[PDB]
């Protein structure tokens, strides 16, 4: 279904200028990181994939990516927890091939708006669900089917 093409490292902020920090090995939180800080901003290793597949279904395309938490040996994934879609961080190595519905948990569609300089990330495993931050500081990064509605689901990436 997906085949690895390369990885590139990016800085990331949400549209309100919050960055990510890894508050514990299972929780990424978003905050205005400022003044003095012990806290190390998270960068992303974005692994770009090419399809040979697999569908369906979705609501998105056409840059499938995995999102590595640079330096911490984690990748973001979307899974069901209880009965709710959930963003989690998993100890996973770099995946050359994503060729099962299980491994599709790691794939997001990077949706850039070339004009505005902005990006959304839609889950491939949970179409219509997007990576989001709270309007409040120090809350976990998560996923939502209401992108940008009393959350922020729009980011600025920089190489």
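Residue numbers count along the first chain shown, from 1.
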On mean C-alpha B-factor from the PDB entry, just flag whether 117 to 125 or 32 to 40 is the higher one.
32 to 40
Residue range whose averaged C-alpha B-factor is higher in the record, 45 to 53 or 62 to 70
45 to 53
Which one of 112, 102, 93, 90 shows the biggest C-alpha B-factor in the PDB entry?
102
Tell me which of 17, 139, 149, 144 tops the list for C-alpha B factor in the record.
139
Residue 134, C-alpha B-factor rank within chain (lowest, middle or highest third)
middle
Residue 1: CA temperature factor from the record, placed by chain third, in the highest
